[PDB]
Each structure stands twice: as structure tokens, then as C-alpha cells.
Protein chains: 2
Amino acid sequence: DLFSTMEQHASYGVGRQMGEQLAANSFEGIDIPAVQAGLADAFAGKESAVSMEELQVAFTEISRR
Amino acid sequence: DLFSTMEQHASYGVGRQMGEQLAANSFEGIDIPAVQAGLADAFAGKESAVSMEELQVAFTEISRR
């Protein structure tokens, strides 16, 4: 209670659902630490480490399997 | 190229979209490190650190705002 146990467990389960979704529809070479960084940065409303222009170039290049 | 740059950037952007979605519909007290752990564990197909029975109890308790 002092401890955040219900919150931690629920958070962990939210993460699991996301990881399951990624594993189902990811791309070859997806980098989990970078996904994790992006998630934390965006949740906190922090400036993207990668410009929107660089992101688009990456998505576009990846999209072509 | 040797470097995984397109893959890293795209991964980071995937994470950002998830973080944006969470920030929009999260719960009070959501713990980002736990989300990150859950995501990595599930992507890798690793056993959940929290039993399905504990997860359900957590979700149920949280669901009541």
C-alpha cells in the first residue's frame, strides 16, 4: 500500500499487452530498448530524441519489406 | 548501416506512439518502468513476472476510478 503494488502490477500487464501486440506485428530488427525510450519520452511529454523528419524517413524505409 | 540506425529510429517512433496513447488514456499512478518491463518480457515471450490471477486483481482494482 505504501508500496504501489496494484499500480505496479497493472502497469506491468499494460506493458505485456503492448509487447504481445508488437511481437505479433513488428518488423525485423525492431529494437526493444529504443521502443522503451520512445514510450517513456512521449508519456512524459518530452521532446522527441528523433526529429519528425528523421522518423518519417525511418518509417518509410522500414515499411518496405 | 553497420549501425542499426533506420531500425533504431523507427523503433523509437513506435515507442512514442505508444507513450502518446498511454498519456491519453492511462490511470493515475501508472508506473512507466513496469510498463517497460512488461513490454520487453512479453515481446521476448518470457514468463510473466506477475501471475495472470494477480494481473486480473490489479486490473479490476484499478478499473474503479
# chains A, B, ... in the order shown; residues from 1 in each chain; ligands from 1
call {"tool": "residues_around", "arguments": {"residues": "residue 16 in chain A", "least_positions_apart": "4", "cutoff": "12 Å", "atoms": "only C-alpha atoms", "output": "list in words"}}
result
residues 9, 10, 11, 12, 20, 21, 22 and 23 of chain A; 34, 35, 36, 37, 38, 39, 40, 41, 42, 43, 44, 45, 46, 47, 48, 49, 50, 51, 52 and 55 of chain B
call {"tool": "select_by_dssp", "arguments": {"residues": "range 4-61 of chain A", "states": "helix (DSSP H, G or I)", "output": "MDAnalysis selection string"}}
result
chainID A and resid 5:24 32:44 52:61
call {"tool": "residues_around", "arguments": {"residues": "residue 3 in chain B", "least_positions_apart": "3", "cutoff": "12 Å", "atoms": "only C-alpha atoms", "output": "PDB file with N, CA and C atoms, in the first residue's frame"}}
result
ATOM      1  N   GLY A  29      14.267  -6.606 -36.922  1.00  0.00           N
ATOM      2  CA  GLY A  29      15.263  -5.649 -36.432  1.00  0.00           C
ATOM      3  C   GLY A  29      14.724  -4.590 -35.473  1.00  0.00           C
ATOM      4  N   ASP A  31      14.050  -2.714 -32.194  1.00  0.00           N
ATOM      5  CA  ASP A  31      14.986  -2.606 -31.075  1.00  0.00           C
ATOM      6  C   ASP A  31      14.248  -2.245 -29.794  1.00  0.00           C
TER       7      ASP A  31
ATOM      8  N   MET B   6      18.212   3.143 -39.100  1.00  0.00           N
ATOM      9  CA  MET B   6      16.826   3.169 -39.537  1.00  0.00           C
ATOM     10  C   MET B   6      15.958   2.350 -38.575  1.00  0.00           C
ATOM     11  N   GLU B   7      16.408   1.147 -38.236  1.00  0.00           N
ATOM     12  CA  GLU B   7      15.694   0.318 -37.269  1.00  0.00           C
ATOM     13  C   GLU B   7      15.544   1.001 -35.913  1.00  0.00           C
ATOM     14  N   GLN B   8      16.598   1.638 -35.413  1.00  0.00           N
ATOM     15  CA  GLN B   8      16.510   2.279 -34.089  1.00  0.00           C
ATOM     16  C   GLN B   8      15.505   3.421 -34.110  1.00  0.00           C
ATOM     17  N   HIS B   9      15.576   4.239 -35.151  1.00  0.00           N
ATOM     18  CA  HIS B   9      14.709   5.403 -35.251  1.00  0.00           C
ATOM     19  C   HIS B   9      13.245   5.019 -35.342  1.00  0.00           C
TER      20      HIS B   9
END
call {"tool": "atom_distance", "arguments": {"atom1": "CA of residue 17 in chain A", "atom2": "CA of residue 2 in chain A"}}
result
26.5 Å
call {"tool": "calpha_fit_and_write", "arguments": {"fixed": "chain B", "moving": "chain A", "output": "short mmCIF file (atom, residue, chain, number, x, y, z; two decimals) with C-alpha atoms, in the first residue's frame"}}
result
data_model
loop_
_atom_site.label_atom_id
_atom_site.label_comp_id
_atom_site.auth_asym_id
_atom_site.auth_seq_id
_atom_site.Cartn_x
_atom_site.Cartn_y
_atom_site.Cartn_z
CA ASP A 1 24.37 0.75 -41.62
CA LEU A 2 26.70 -1.43 -39.61
CA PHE A 3 24.68 0.65 -37.18
CA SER A 4 21.04 -0.03 -36.91
CA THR A 5 20.02 3.48 -37.50
CA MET A 6 16.83 3.17 -39.54
CA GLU A 7 15.69 0.32 -37.27
CA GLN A 8 16.51 2.28 -34.09
CA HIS A 9 14.71 5.40 -35.25
CA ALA A 10 11.61 3.50 -36.34
CA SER A 11 11.60 1.59 -33.07
CA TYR A 12 11.84 4.86 -31.16
CA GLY A 13 8.87 6.25 -33.12
CA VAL A 14 6.81 3.13 -32.39
CA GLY A 15 7.52 3.68 -28.70
CA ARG A 16 6.50 7.35 -28.98
CA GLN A 17 3.12 6.42 -30.43
CA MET A 18 2.56 4.01 -27.53
CA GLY A 19 3.63 6.63 -24.98
CA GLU A 20 1.29 9.15 -26.55
CA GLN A 21 -1.59 6.63 -26.35
CA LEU A 22 -0.87 5.90 -22.71
CA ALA A 23 -0.64 9.57 -21.81
CA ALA A 24 -4.11 9.99 -23.32
CA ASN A 25 -5.77 7.03 -21.62
CA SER A 26 -3.68 5.95 -18.64
CA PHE A 27 -4.59 5.63 -14.98
CA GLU A 28 -3.40 7.69 -12.05
CA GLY A 29 -0.24 6.09 -10.66
CA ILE A 30 0.81 4.22 -13.82
CA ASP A 31 4.45 3.19 -13.43
CA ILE A 32 6.45 3.62 -16.62
CA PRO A 33 9.34 1.29 -15.70
CA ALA A 34 6.85 -1.52 -15.05
CA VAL A 35 5.14 -0.88 -18.38
CA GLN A 36 8.58 -1.06 -20.00
CA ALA A 37 9.40 -4.36 -18.24
CA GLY A 38 6.08 -5.90 -19.25
CA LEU A 39 6.63 -4.84 -22.88
CA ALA A 40 10.12 -6.35 -23.06
CA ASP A 41 9.16 -9.58 -21.27
CA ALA A 42 6.11 -10.17 -23.48
CA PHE A 43 7.90 -9.32 -26.70
CA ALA A 44 10.62 -11.83 -25.86
CA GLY A 45 7.98 -14.46 -24.96
CA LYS A 46 9.27 -14.63 -21.40
CA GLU A 47 7.14 -15.86 -18.48
CA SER A 48 5.11 -13.04 -16.88
CA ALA A 49 6.65 -11.71 -13.66
CA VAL A 50 3.07 -11.37 -12.38
CA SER A 51 0.63 -14.28 -12.39
CA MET A 52 -2.48 -13.94 -14.56
CA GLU A 53 -4.53 -14.11 -11.34
CA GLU A 54 -2.60 -11.22 -9.78
CA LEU A 55 -2.88 -9.23 -13.02
CA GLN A 56 -6.68 -9.60 -13.07
CA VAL A 57 -6.93 -8.49 -9.43
CA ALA A 58 -4.83 -5.41 -10.28
CA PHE A 59 -6.85 -4.54 -13.38
CA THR A 60 -10.11 -4.97 -11.50
CA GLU A 61 -8.93 -2.78 -8.59
CA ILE A 62 -7.59 -0.10 -10.94
CA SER A 63 -10.65 -0.10 -13.21
CA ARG A 64 -12.62 1.50 -10.39
CA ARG A 65 -11.74 5.15 -10.54
#
